[PDB]
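Engineer: This one is final26.csv, CSV, N, CA and C atoms.
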```
chain,number,residue,atom,x,y,z
A,1,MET,N,-28.3,-5.6,-38.2
A,1,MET,CA,-26.8,-5.7,-38.3
A,1,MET,C,-26.4,-7.2,-38.2
A,2,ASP,N,-25.1,-7.4,-38.2
A,2,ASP,CA,-24.6,-8.8,-38.1
A,2,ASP,C,-24.0,-9.1,-36.8
A,3,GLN,N,-22.7,-9.3,-36.8
A,3,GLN,CA,-21.9,-9.7,-35.6
A,3,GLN,C,-21.6,-8.5,-34.7
A,4,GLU,N,-21.8,-7.3,-35.2
A,4,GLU,CA,-21.5,-6.1,-34.4
A,4,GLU,C,-22.4,-5.9,-33.3
A,5,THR,N,-23.6,-6.5,-33.3
A,5,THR,CA,-24.6,-6.3,-32.3
A,5,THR,C,-24.0,-6.9,-31.0
A,6,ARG,N,-23.7,-8.2,-31.0
A,6,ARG,CA,-23.2,-8.9,-29.8
A,6,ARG,C,-21.9,-8.1,-29.3
A,7,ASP,N,-20.9,-8.0,-30.1
A,7,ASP,CA,-19.7,-7.3,-29.6
A,7,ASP,C,-19.8,-5.8,-29.4
A,8,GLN,N,-20.4,-5.1,-30.3
A,8,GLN,CA,-20.5,-3.7,-30.2
A,8,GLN,C,-21.7,-3.3,-29.4
A,9,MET,N,-22.9,-3.6,-29.9
A,9,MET,CA,-24.1,-3.3,-29.2
A,9,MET,C,-24.0,-3.5,-27.7
A,10,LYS,N,-23.6,-4.7,-27.3
A,10,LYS,CA,-23.5,-5.0,-25.8
A,10,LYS,C,-22.4,-4.1,-25.2
A,11,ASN,N,-21.2,-4.0,-25.8
A,11,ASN,CA,-20.1,-3.3,-25.2
A,11,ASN,C,-20.2,-1.8,-25.4
A,12,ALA,N,-20.3,-1.4,-26.6
A,12,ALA,CA,-20.4,0.1,-26.9
A,12,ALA,C,-21.5,0.7,-26.1
A,13,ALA,N,-22.7,0.1,-26.1
A,13,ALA,CA,-23.8,0.6,-25.3
A,13,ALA,C,-23.3,0.7,-23.8
A,14,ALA,N,-22.9,-0.5,-23.3
A,14,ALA,CA,-22.4,-0.6,-22.0
A,14,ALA,C,-21.5,0.6,-21.6
A,15,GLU,N,-20.5,0.9,-22.3
A,15,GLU,CA,-19.6,2.0,-22.0
A,15,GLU,C,-20.2,3.4,-22.1
A,16,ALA,N,-21.4,3.4,-22.9
A,16,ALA,CA,-22.0,4.7,-23.1
A,16,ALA,C,-23.0,5.0,-21.9
A,17,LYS,N,-23.5,3.9,-21.4
A,17,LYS,CA,-24.4,3.9,-20.3
A,17,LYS,C,-23.6,4.1,-19.0
A,18,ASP,N,-22.5,3.6,-18.9
A,18,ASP,CA,-21.6,3.7,-17.7
A,18,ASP,C,-21.0,5.1,-17.7
A,19,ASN,N,-20.7,5.6,-18.9
A,19,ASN,CA,-20.1,6.9,-19.0
A,19,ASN,C,-21.0,8.1,-18.9
A,20,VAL,N,-21.9,8.2,-19.9
A,20,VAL,CA,-22.8,9.3,-19.9
A,20,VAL,C,-24.1,9.0,-19.2
A,21,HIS,N,-24.5,7.7,-19.1
A,21,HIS,CA,-25.7,7.4,-18.3
A,21,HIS,C,-25.4,7.3,-16.9
A,22,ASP,N,-24.2,6.9,-16.5
A,22,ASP,CA,-23.9,6.8,-15.1
A,22,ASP,C,-24.1,8.2,-14.5
A,23,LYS,N,-23.4,9.2,-15.0
A,23,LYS,CA,-23.6,10.6,-14.5
A,23,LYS,C,-25.1,11.0,-14.7
A,24,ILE,N,-25.7,10.7,-15.8
A,24,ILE,CA,-27.1,11.1,-16.0
A,24,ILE,C,-28.1,10.5,-15.0
A,25,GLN,N,-28.3,9.2,-15.0
A,25,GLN,CA,-29.2,8.6,-14.0
A,25,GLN,C,-29.2,9.4,-12.7
A,26,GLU,N,-28.0,9.5,-12.2
A,26,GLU,CA,-27.7,10.2,-10.9
A,26,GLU,C,-28.3,11.7,-11.0
A,27,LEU,N,-27.7,12.4,-11.9
A,27,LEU,CA,-28.1,13.9,-12.1
A,27,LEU,C,-29.1,14.2,-13.2
A,28,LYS,N,-28.8,13.8,-14.4
A,28,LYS,CA,-29.5,14.1,-15.6
A,28,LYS,C,-30.7,13.2,-16.0
A,29,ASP,N,-30.9,12.1,-15.3
A,29,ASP,CA,-31.9,11.1,-15.6
A,29,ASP,C,-33.2,11.6,-16.2
A,30,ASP,N,-33.6,12.9,-16.0
A,30,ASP,CA,-34.8,13.4,-16.6
A,30,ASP,C,-34.6,13.9,-18.0
A,31,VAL,N,-34.0,15.0,-18.1
A,31,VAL,CA,-33.7,15.7,-19.4
A,31,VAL,C,-32.3,15.3,-20.0
A,32,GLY,N,-31.3,15.5,-19.3
A,32,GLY,CA,-29.9,15.1,-19.7
A,32,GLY,C,-29.8,13.7,-20.2
A,33,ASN,N,-30.8,12.9,-19.9
A,33,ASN,CA,-30.9,11.5,-20.2
A,33,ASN,C,-30.7,11.2,-21.7
A,34,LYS,N,-30.6,12.3,-22.5
A,34,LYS,CA,-30.4,12.1,-23.9
A,34,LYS,C,-28.9,12.0,-24.2
A,35,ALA,N,-28.1,12.8,-23.6
A,35,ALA,CA,-26.6,12.8,-23.8
A,35,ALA,C,-26.1,11.3,-23.9
A,36,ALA,N,-26.7,10.4,-23.2
A,36,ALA,CA,-26.2,9.0,-23.3
A,36,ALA,C,-26.6,8.5,-24.7
A,37,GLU,N,-27.9,8.4,-24.9
A,37,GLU,CA,-28.5,7.9,-26.2
A,37,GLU,C,-27.8,8.5,-27.4
A,38,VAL,N,-27.1,9.7,-27.2
A,38,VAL,CA,-26.4,10.4,-28.2
A,38,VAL,C,-25.2,9.6,-28.6
A,39,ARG,N,-24.4,9.3,-27.6
A,39,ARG,CA,-23.1,8.6,-27.8
A,39,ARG,C,-23.3,7.4,-28.6
A,40,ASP,N,-24.5,6.7,-28.4
A,40,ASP,CA,-24.8,5.5,-29.1
A,40,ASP,C,-25.3,5.8,-30.5
A,41,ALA,N,-25.8,7.0,-30.7
A,41,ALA,CA,-26.3,7.4,-32.0
A,41,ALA,C,-25.2,7.4,-33.1
A,42,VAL,N,-24.1,8.1,-32.8
A,42,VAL,CA,-23.0,8.1,-33.8
A,42,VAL,C,-22.4,6.7,-34.0
A,43,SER,N,-22.2,6.1,-32.9
A,43,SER,CA,-21.6,4.7,-32.9
A,43,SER,C,-22.4,3.8,-33.8
A,44,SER,N,-23.7,3.8,-33.6
A,44,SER,CA,-24.6,3.0,-34.4
A,44,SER,C,-24.4,3.2,-35.9
A,45,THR,N,-24.2,4.5,-36.3
A,45,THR,CA,-24.0,4.8,-37.7
A,45,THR,C,-22.8,4.0,-38.3
A,46,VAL,N,-21.8,3.9,-37.5
A,46,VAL,CA,-20.6,3.1,-37.9
A,46,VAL,C,-20.9,1.6,-37.9
A,47,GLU,N,-21.2,1.1,-36.7
A,47,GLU,CA,-21.5,-0.3,-36.5
A,47,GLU,C,-22.5,-0.8,-37.5
A,48,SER,N,-23.2,0.1,-38.1
A,48,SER,CA,-24.2,-0.3,-39.1
A,48,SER,C,-23.6,-0.6,-40.4
A,49,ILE,N,-22.9,0.4,-41.0
A,49,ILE,CA,-22.2,0.2,-42.3
A,49,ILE,C,-21.0,-0.7,-42.1
A,50,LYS,N,-20.6,-1.0,-40.9
A,50,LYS,CA,-19.5,-1.9,-40.7
A,50,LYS,C,-19.9,-3.4,-40.9
A,51,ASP,N,-20.8,-3.9,-40.1
A,51,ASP,CA,-21.2,-5.3,-40.1
A,51,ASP,C,-22.4,-5.6,-41.1
A,52,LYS,N,-23.3,-4.7,-41.2
A,52,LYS,CA,-24.5,-5.0,-42.1
A,52,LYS,C,-24.1,-4.7,-43.5
A,53,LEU,N,-23.3,-3.7,-43.7
A,53,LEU,CA,-22.9,-3.3,-45.0
A,53,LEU,C,-21.6,-4.1,-45.3
A,54,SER,N,-21.1,-4.8,-44.3
A,54,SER,CA,-19.9,-5.6,-44.4
A,54,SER,C,-19.9,-6.4,-45.7
A,55,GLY,N,-21.1,-6.9,-46.1
A,55,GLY,CA,-21.2,-7.7,-47.3
A,55,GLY,C,-22.1,-8.9,-47.2
A,56,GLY,N,-22.1,-9.4,-46.0
A,56,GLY,CA,-22.9,-10.6,-45.7
A,56,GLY,C,-23.2,-10.8,-44.2
A,57,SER,N,-24.5,-10.9,-43.8
A,57,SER,CA,-24.9,-11.0,-42.5
A,57,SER,C,-25.4,-12.4,-42.2
A,58,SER,N,-24.7,-13.2,-41.4
A,58,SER,CA,-25.1,-14.6,-41.1
A,58,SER,C,-24.9,-14.9,-39.6
A,59,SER,N,-23.8,-14.2,-39.0
A,59,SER,CA,-23.5,-14.4,-37.6
A,59,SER,C,-24.0,-13.3,-36.8
A,60,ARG,N,-24.8,-13.7,-35.7
A,60,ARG,CA,-25.4,-12.7,-34.8
A,60,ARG,C,-26.5,-11.9,-35.5
A,61,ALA,N,-26.5,-11.9,-36.8
A,61,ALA,CA,-27.5,-11.2,-37.6
A,61,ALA,C,-29.0,-11.4,-37.1
A,62,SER,N,-29.1,-12.5,-36.3
A,62,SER,CA,-30.5,-12.8,-35.8
A,62,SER,C,-30.9,-11.8,-34.8
A,63,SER,N,-30.0,-10.9,-34.5
A,63,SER,CA,-30.3,-9.8,-33.5
A,63,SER,C,-30.4,-8.4,-34.1
A,64,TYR,N,-31.5,-7.7,-33.9
A,64,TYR,CA,-31.7,-6.4,-34.5
A,64,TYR,C,-31.7,-5.4,-33.3
A,65,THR,N,-30.8,-4.4,-33.3
A,65,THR,CA,-30.7,-3.4,-32.3
A,65,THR,C,-30.5,-2.0,-32.9
A,66,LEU,N,-29.3,-1.9,-33.6
A,66,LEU,CA,-28.9,-0.6,-34.2
A,66,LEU,C,-30.1,0.0,-35.0
A,67,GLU,N,-30.6,-0.8,-36.0
A,67,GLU,CA,-31.7,-0.3,-36.8
A,67,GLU,C,-33.0,-1.0,-36.4
```
Would you mind writing the file out in structure tokens?

Structural biologist:
Amino acid sequence: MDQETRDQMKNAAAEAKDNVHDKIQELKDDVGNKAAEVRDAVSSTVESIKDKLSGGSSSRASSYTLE
């Protein structure tokens, strides 16, 4: 992706780990540990078509996370 990694990857993930992963690590860290990775799954789908499909990747594009 492009610029969405820095802004979205770092933030979106952050809020997903603090929300679903906070409860998980504590309780679900074994199995339920997926519920978190899930929140980021859907988000990634957007953040992908948004910045990478945006039309041109030059800023932050040096970072690959979503895909």

Engineer: Using only C-alpha atoms for the distances, tell me which of A:57, A:23, A:3, A:17 is nearest to residue 38 of chain A.

Structural biologist: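 Among the listed residues, the smallest separation from residue 38 of chain A belongs to A:17.
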
Engineer: Would you please work out which residue, of A:43, A:54, A:33, A:19, is nearest to residue 2 of chain A when using all atoms listed in the file?

Structural biologist: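 Using all atoms listed in the file, residue 2 of chain A sits closest to A:54.
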
Engineer: Just to confirm, what's the straight-line distance from atom N of residue 1 of chain A to atom C of residue 37 of chain A in Å (one decimal)?

Structural biologist: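 Interatomic distance, atom N of residue 1 of chain A to atom C of residue 37 of chain A: 17.8 Å.
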
Engineer: Please indicate the distance in Å from atom N of residue 61 of chain A to atom C of residue 49 of chain A, rounded to one decimal place.

Structural biologist: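 We find that atom N of residue 61 of chain A and atom C of residue 49 of chain A lie 13.6 Å from each other.
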
Engineer: So how many Å separate atom CA of residue 14 of chain A and atom CA of residue 45 of chain A, to one decimal?

Structural biologist: 16.7 Å

Engineer: Name the closest residue to residue 35 of chain A among the candidates A:47, A:6, A:53, A:16; distances are taken between atoms, counting only C-alpha atoms.

Structural biologist: A:16

Engineer: Between A:25, A:58, A:63, A:8, which has the minimum distance to residue 46 of chain A (counting only C-alpha atoms)?

Structural biologist: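 With only C-alpha atoms as the atom set, the closest residue is A:8.
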
Engineer: Please determine, counting only C-alpha atoms, which residue among A:5, A:65, A:39, A:48 has the shortest atom-to-atom distance to residue 18 of chain A.

Structural biologist: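 Looking at the shortest contact to residue 18 of chain A, the residue is A:39.
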
Engineer: My list of candidates is A:22, A:4, A:29, A:40. Which is closest to residue 60 of chain A when distances are computed with only C-alpha atoms?

Structural biologist: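 For residue 60 of chain A, the nearest of the given residues is A:4.
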
Engineer: Per DSSP on the backbone, filter chain A down to the residues in alpha helix (DSSP H) and report them as JSON, numbers by chain.

Structural biologist: {"A": [4, 10, 11, 12, 13, 14, 15, 16, 22, 23, 34, 35, 36, 37, 38, 39, 40, 41, 42, 43, 44, 45, 46, 47, 48, 49, 50, 51]}

Engineer: Step by step: start from the point (-23.9, 12.3, -21.8) in the file's coordinates, keep every protein, DNA or RNA residue that has an atom no farther than 7 Å from it, count only C-alpha atoms, and write the set as a ChimeraX atom specification.

Structural biologist: /A:20-21,24,32,34-36
